[PDB]
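Naming follows writing order (A, B, C, D and E), and every chain is counted from residue 1.
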Amino acid sequence: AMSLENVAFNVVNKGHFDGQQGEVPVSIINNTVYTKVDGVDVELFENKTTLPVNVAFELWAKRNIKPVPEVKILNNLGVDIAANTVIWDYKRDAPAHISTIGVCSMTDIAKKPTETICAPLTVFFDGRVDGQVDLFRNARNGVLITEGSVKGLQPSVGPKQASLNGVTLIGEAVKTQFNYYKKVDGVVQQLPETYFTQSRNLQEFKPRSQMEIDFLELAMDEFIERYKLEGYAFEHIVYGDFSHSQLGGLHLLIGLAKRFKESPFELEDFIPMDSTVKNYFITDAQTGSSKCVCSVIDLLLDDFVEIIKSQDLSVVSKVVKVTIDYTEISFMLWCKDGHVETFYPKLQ
Amino acid sequence: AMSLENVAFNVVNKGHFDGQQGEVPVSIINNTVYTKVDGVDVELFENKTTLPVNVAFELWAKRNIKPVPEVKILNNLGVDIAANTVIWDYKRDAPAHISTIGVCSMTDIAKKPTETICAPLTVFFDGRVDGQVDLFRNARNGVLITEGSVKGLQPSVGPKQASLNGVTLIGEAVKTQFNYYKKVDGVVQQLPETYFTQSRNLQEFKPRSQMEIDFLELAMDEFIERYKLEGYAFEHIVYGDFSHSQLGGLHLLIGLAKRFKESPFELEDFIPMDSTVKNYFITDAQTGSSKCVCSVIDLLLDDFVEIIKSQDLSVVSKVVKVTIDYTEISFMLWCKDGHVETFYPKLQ
Amino acid sequence: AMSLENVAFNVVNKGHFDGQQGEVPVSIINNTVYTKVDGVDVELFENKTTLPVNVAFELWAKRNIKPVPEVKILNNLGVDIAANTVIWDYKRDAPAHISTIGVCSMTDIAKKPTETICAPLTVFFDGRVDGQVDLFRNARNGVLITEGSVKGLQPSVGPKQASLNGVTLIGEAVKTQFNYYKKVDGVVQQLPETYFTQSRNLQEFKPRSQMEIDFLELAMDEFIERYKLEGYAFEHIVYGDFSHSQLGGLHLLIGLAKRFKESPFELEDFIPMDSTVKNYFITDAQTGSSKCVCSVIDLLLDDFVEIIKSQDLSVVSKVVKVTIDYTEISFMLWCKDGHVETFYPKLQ
Amino acid sequence: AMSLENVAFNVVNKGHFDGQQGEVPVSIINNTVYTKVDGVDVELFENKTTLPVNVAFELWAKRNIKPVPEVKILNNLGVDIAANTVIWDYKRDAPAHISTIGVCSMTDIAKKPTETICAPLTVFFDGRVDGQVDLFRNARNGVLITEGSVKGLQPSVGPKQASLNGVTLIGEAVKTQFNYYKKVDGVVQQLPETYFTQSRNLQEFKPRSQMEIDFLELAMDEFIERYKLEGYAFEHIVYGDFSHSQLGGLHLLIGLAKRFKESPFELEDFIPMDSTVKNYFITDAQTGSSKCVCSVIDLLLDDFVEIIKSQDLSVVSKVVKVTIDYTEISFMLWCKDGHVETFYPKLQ
Amino acid sequence: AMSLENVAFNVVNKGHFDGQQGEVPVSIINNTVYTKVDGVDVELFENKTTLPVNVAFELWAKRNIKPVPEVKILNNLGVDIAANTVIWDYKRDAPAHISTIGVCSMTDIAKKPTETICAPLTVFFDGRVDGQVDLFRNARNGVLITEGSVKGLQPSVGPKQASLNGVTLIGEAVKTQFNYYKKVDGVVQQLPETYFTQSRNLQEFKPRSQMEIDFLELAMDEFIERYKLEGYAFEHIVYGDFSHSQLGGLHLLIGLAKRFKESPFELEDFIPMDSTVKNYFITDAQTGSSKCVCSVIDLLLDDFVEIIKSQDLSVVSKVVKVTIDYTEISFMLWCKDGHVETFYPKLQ
C-alpha cells in the first residue's frame, strides 16, 4: 500500500517512514518534495541524489535509524546492497547502495535476499533484525553485523563507533561496536587483522589516549622527546610544515586538529564521500602554504606510531601496505640515512 | 486513499482516473511522470501547466471524459471552478480552472460546492451528474448544463458542439448540445440571445450551409453576385487582400480556409488559448503579405452575412456589439458613401 | 509601473523594494534572479518557494521590513492574507500567505482590503500604517496590531518579541510588543488568556528570569530542591534522560540549551516552519540516545512550572489543553501514585 | 579515449558515433546537448530518457544503425541487455535496455558478455558481429539473431521486418528477417510457433494480401459475404460499432485504417512504447463514440481470420491464448448460440 | 523604460515588440514565459536558446518582422551582429547572433554601431532603416542590404528570396531581393559571382524551370536523354541508387523530392541549422538503403547541370570549388574513362 502521500504522511507524523497509515497532500517541484500545512507549502526533502526526487524521498524516509556501520567500512568489506533496509550515506546525501531488497518498488531487485538475483551480491545482514543471522548463513555472499556471539562463527570485532542518523559516535545508551562476519561464494571468510580509523571531526576533536592528550597539550619538540619519536619525521608528517609554498606533510587528523586551534585553514573536500583516507585541497590561512591533494587519515596517534615504528627505514622509496577499516591502504615511505623523510597515504 | 501510484495505476490500466484500486511504480523527473514497465521507464505525462508535475498529472487523470462545454463558452459565462470534476483545457494542456472542488487534495478549496468558500465563485454544475441541478439551486453563483428541462428554470439552448477529450464535435452517439443556466448573487440570470462560433479547423474545414458550400466553390465575383453582397467589402473582410505589405482583412475562418487550399500561410497563435475571437500573426507564404494581429472569428457565413447586412452604413467609424458565445464581441465598422470599407472584431 | 527590472533596481539600490524609479538588466536562470554588474552576473535571489521565480522575487523585495508578529502568532490567530504588505516567512524562505492585497499583480486577489473578495478572509491590519485601524473597523474578518490604545476596543497584549527582517527580538530601539484585536463575522472577539513562547535559539539561549538563570547555573538535584519540584518529573521532561536508546523527555528548549553547552546533538527539523510546538528528530552525539519525534516548546521555565503545578496528578493519562500563542496546545500528562511521570506537547 | 566532446565530434561529422578521433566544443543546458558552430549553439540532442543528459547522448550516438529486431520482439523474448551495442527505442526516445556491455562507462555492467555479472541476464547477441554466435554459446542466458544457419542450433524464422534507424521496414537492400535463438539457464530453448504483428501505421497503411485489399475496397456486407465471415462479429470486432457512447470493437489495425480514410479520430497512446498489443483511448470525431482502453493488434487480416475461425464457438466466455511475436496473447472470446459476439486482446 | 512585463504586454497586444506602453502580469517557470489571462496562465514563449528565458523572450519579441536575408547568407558573408535589430533564426529557435547593438540591456555590447567595440565585428546594416547606409560607411566591418542603389557602392544582386517571419519566400507584396555590400577592415569588398540555393522544402517542392518540371515528370532515362546528360552520373548523383545497403548519391534536393512522391524516407537533420549544404542521416523506408552523412544542396537543376557540364572529366579525383550563397563550396568530382562516377558537396 506504498504511496508518495503515505511516505510523506509518515515523515510529517513519525519523523521517518514507520509503516503508519495515512496520506498528506504532496507537491513535487523540481528536486524538492513539499507538503501543504495550513494552506502553505513546507519543504520535506531536497533531492541531492542522482535518483528521481520521489524515489530518493522514499529511500531517505525508509533509511535505517539504528546505529549502523559507517559507509567506508561497508564499502571496504565489499557490500553491494542491504537486506530489507536503506543505509543512508549522510556524507553524500544519497543512498549508500544503488538497489534495495524489500524496501522501494522502484529500486528493489528482489523482495527477500534469498532470491537468486541477490546470490552474486554481497548483501549486508543485521543480526539485530530477527532471522537475519540465518539469512547470512544461507546467503552465498554477504556481510553480517551482530551485537553478541554467533554459533559456529568466529567474529571480527569492528570499530567502537557506528553512524546513528548521520552522527558518528561510540554508543553509551546504544551498542555501536559490532561483530563482523563475511562470506564469499558460500565460504565464511577469515577477516584480516585491522586498524580502524577514529572518524573524528576537525572542529570537535577529542583525544582518545594519553599519547593523543600529550600531542595536543605539549609542544612539538617535547612530545617528540617524551615518546622517543626522533628521526620519524613527525614534524613534517603529523605536525605539518607551513614554511614553503607547498604545505608539507599534515597527513594525520590529530595534527590538523592541533593546527586548527591556533589558526584556521581551508580544507576543500573535492571528492565528498566516506573513505578511510580522505583527500583535501588545503590552504593555510595564516601562512598561505597550500597543497592540492593532502591525504588525511584519522588513526589513533598510538596506532600511527606503531605503524611507522614497525617499518624498515633502509629503503629510499617503498610502498607500505597497512590494513585499515578491513581495506589495504598503501602508504609511501621515504627514508634517508636510516631516518624517515615522509610517510603518507599513497595518492592516485 | 489517493496517491500518485494509484493515479498512475489508473492511467496505465483504465486510460484515465477511474477510482480503481492498485499501484504502479512511479518516478518523477523534472516535469515528467514515468512508470516502470518491464524494467524500463515509460512516459505517462509531461507537465505543460504552471502546477507541480504530480498535481497536474492527477488533475489530467481526473479530467472530464464526457462531452463538456468548450472552454471559450465557460470563460464567456464567467466560470471560475467546476463542481467535483476537472475541465481539461486541451488548447493550453492545463486545467481550465486554478482550483478544484472535491477532486485533488492539493488544488481543492472545498470537498462540496456547498462550502461557503465557493459562494463567491461561479461554480460549473453538470446536470448529468446526480444531485448537481440541486447544488446549482443552492449555489450563490454558478453555470449549469443539462440535457433536458429543469422545472421552473428558463433555458438557453447552447452550441450544437461540445469538447469530448479535446475533440470538438457535434455529437451523433453522444449529446453535445446542452441547456445553459447561470446565477449571479443567488439570482438566475437570463442568458442573452447569441450567435455561436463553429469551432472549425483551417486544415479540416467543412462547410455547414449552402452559402458556405458556394463560398468555397464559386469565384469571388460570382459568390458576391449570387448572394447580393456588393458594397459589403467581402473582398477585403472575408476573402483577404494580399496585394500590399500589410494583409488586408481575412477576419472570417472560412476565408482563411478558402485561401489555404490554393496557397499556404503561417498563422502564429501568439496567445494560445480557447477564445471566441482568435488573434494570429499571419504571413502569406505566396505574396509575403503579413499582419501582426489578424483577428479571426469562425462564424457560419450566413450568420456573418446577417450581422453585416443588419448594420447602418451611414457612419464613418462605429463600434458594433454582437453577442457571440454568450459574450459581447465589439466589431469596428468603417463605411464610406453608404458602403462598407472594413468590419473586424475590434482589438484591445 | 511595476516590472522585474524595476523590482531588481530597487533591491540593488535600496536593499529592498522602495518604490524608486529605475531599471537594472536582469537574467532569470531556473530559480535564480541575477543582475549584470560591470559585465558579470551577480545573484540577487534564489527562489526557495513554490511560486514562479520572478513572482517570489517581487514578494520578497516587497516584504515588510518593520518588526512584525511572528508567523506562528499570525497562523494561530487565523490570518489568511495581509493588507497591502507581504509577511515574509524566514523559516520557510517563502511568503507567509498565498495571495496579496495591493502588492503584486500576479498574487493580488484585490487592490484594497475593502473589496468583497477579502470579506470572508481574516485580513491582517497594521495600526502603524495610516488608516489601517479604520480598515479593521470596517472589515468583516481580521487581526489588528497596534502600538497604543484603540478607541472602544479592549486590547490583547501580545508577546514582547516580534520578527524584524527574520531576526526575532524584543525591541529596544523599536517597539515589538503589539496590542492584538481580532474580528470574526463583523464581531470583535474576546481574545483568550494566553501564555507566549519565548522564540529563543539553542545556540544563543539567554535566561529571562531568576528561575531560568538558576536552571542553567545549578545542578539538577539542587534546582529541583530550591524550586520544590520534587515529584514533577523535571529530570525526565526538562533535563532529559539519555540513559536508554530512546531519549527520554527533553521537551523544553531551556533543557536542550543546558544540554547543548556540555555536549552537542543533532536536531532534525523535519517540518521546517514556524510553530508554537516544534518537532525534531533528535540524536544525542555523546550517548547515542535518540527520538524520532521530540516535541519541543520554548516556554519561560516559570510559565512551564505554573502549568505543570496547576494540574491534577490523580489520573493515569489525561489531555491537558493550554493556551499558548493564542492557540490551544494539547499536552499529554502521565501520572502514577500522585506524581508526574511525563508531560509533553501531544504529537500527531 | 571516450569523451563527451569526442562523442559530439562523431555526431557532427559522422552522423553518429563512429570511433573517429576529434573533439568539438560542447555545452550542456538542462537536458540538451549543444555544440558551437560558427559562434552559435546548435542543438545536437534533447534528452527524453531518465538517464543523465550526457549519458543518454552517448548511448543515442552509440545506437545500432543496422536493421535490428523491433523492441516488442526483444521484450517478448525476455532480452535484458545487448552485447556491445545499444538498441535504441525510437517509440520511447530512450535506450531499450537500462545497462550496457562494452558501450558506455556510466551504463556498463561489464566490458564483455562473458563476465559473471551477465550470466543471469538474457544478453542479446548479433550473429552479424564477429564472435557473437560463440558468445551466445558461452552465455547462460541470451537471444541470438543470425542471417544464416548456425551448425547444430535449431532456428526460429522471425518477422520479415526489422527497425532500421527507427524506420520499421521489410528490407530490399538490407536483410531484416533473422533466425532467432534463445537460451535459458544454459539450455537452448525451442521458440514457439508464432504469428507476427505487421507493424503498420494508421496514416501509411498498406494491405499485404488479397483479403486485406478486399477489406479496404469492399463494403462491410460484401467483404463478410465474399470471405464467408457471417456469424464471426467482424462488424463489431474489425469494422467497429460507432452507434453508442462506448465505441464497440475496433481491435484490428486494418479496421482503424479503413475508418481513418472516411473520418478522423483521436488515438491517445497513454502507454507510449512498442508492444504486440497496443492500448488507446479512442474518440471518434464524427460520432463522439469513445473507449478509454481500446486494445489494437496489427495482425494480417488472413492471420486474424484463421485465429477466429479456429475457435470453438459453443462457450459463453473463454480465454483464447494465441502466440504472437513469441509471446502468449490472451484474447477474450464471447459467444451466443454458436456465433461470435466479441473477440478482443484481453486487458490487465 | 524596458521591462519583462512591457515586452509581454507588447507580445499579447501587438503580436511582437512594438514599443507600446503597458504591462501584463508575467510568470517565469523554468524556460517558459506565461501571462495571466482571466485567472489562468497562458504560454507566451518557450525558450529553446542557450540564453536566460527572459532575455531570449525579449530578443524573440524584438525580432525583425520585415523580409530579411536567410541566416545561411548572413553566415556565409561573415555577419557577427546586427545593427539595432534581432535576426531570429527560425531553424534554431534562437537569435542568429550572440550579442545585440541597441536592442536588449542583457545582450547589448553597444547602443550604436559606431562604438569602438563594434569596429572588429562584421555588423549587419539594413538600408531600409534610416541612417544605416551611413553607419555602414562609418563601420570598419559590415554587410549592408539595400532595395536600390547606394551612390558609389558597387552592388551584388542577392537571392530572389528572403525570410519573412520564418517563411522563406520570393516576395510579391514585399521586396525580398536585396543589393549586398560588404566591408573588411574599412575596405569595401567585391562580393564574388555566385549561384544561390533555392531554399525549398521536400514536402512543398515546386519546380522553378522547364528542366525542373521535366525532371519531376519524365522517367530517368528519358530526362537524361532529352537534356543530353549521358555520362554525367545523374542516375547516382541526382536520382539516387537505392539498390545497396549504402544509399548512393541523392545530393540534389530535387532528386529527394522526386523520390518522396513515390516512397517516404527518414531525413535526420543531425546539425539543425541554416546552411548552403545540409547533412542528413537518410534511411529509405522502401528499400532500407541508408547513409549516415548524405550532403544535400538545393540548386536549380539548370545551375547544377551547368556546374557539372563545366568540369574537366579527365581526372580520377578532383576538388571542384563552386561559389554558392557567397561561400566557396568544395565538391568532390570522381571520373573514369571521361565520364562522371560521382560529384558531391565534400564532407568535413
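One rule holds for everything that comes next: contacts are C-beta pairs under 8 Å (C-beta built on N, C-alpha and C of every residue); 3 or more make two chains touch, one makes a residue touch a chain.
The two sequence copies subunit A and subunit C touch through a face in which the numbers common to both fall below half of the numbers used overall. Using the average of C-alpha coordinates as each chain's centre, A ends up farthest from subunit B. If you match contact pairs by residue number, over half of those in C-E turn up again in just one of B-D, A-D or A-B, and that pair is A-B. Averaged C-alpha coordinates put the centre of subunit D at 38 Å from the centre of subunit E. Per-chain Cα centroids separate subunit A from subunit B by 61 Å. Subunit C has its Cα centroid 47 Å from the Cα centroid of subunit B. Annotation for subunit D: residues 50 touch two or more other chains. Chain pairs that touch one another, listed by label: A-B, A-C, A-D, B-C, B-D, B-E, C-E, D-E. Listing the residues of subunit D that touch subunit A in their complex gives 50, 52, 116-117, 120.
Chain contact summary for the complex, subunit E toward subunit C: residues 1-6, 23, 25-30, 34, 36, 52-55, 105-106. Residues of subunit A that touch subunit C in their complex: 11-16, 18, 27, 29-30, 34-35, 37-44, 65, 67, 164-167, 169, 171-174, 176, 204. On subunit D, the positions that touch subunit B within their shared complex are 31, 48-50, 75, 80, 89, 92, 94, 96-98, 242-245, 264-266, 268, 270-273, 279, 281, 283-290, 292-293, 347-348.
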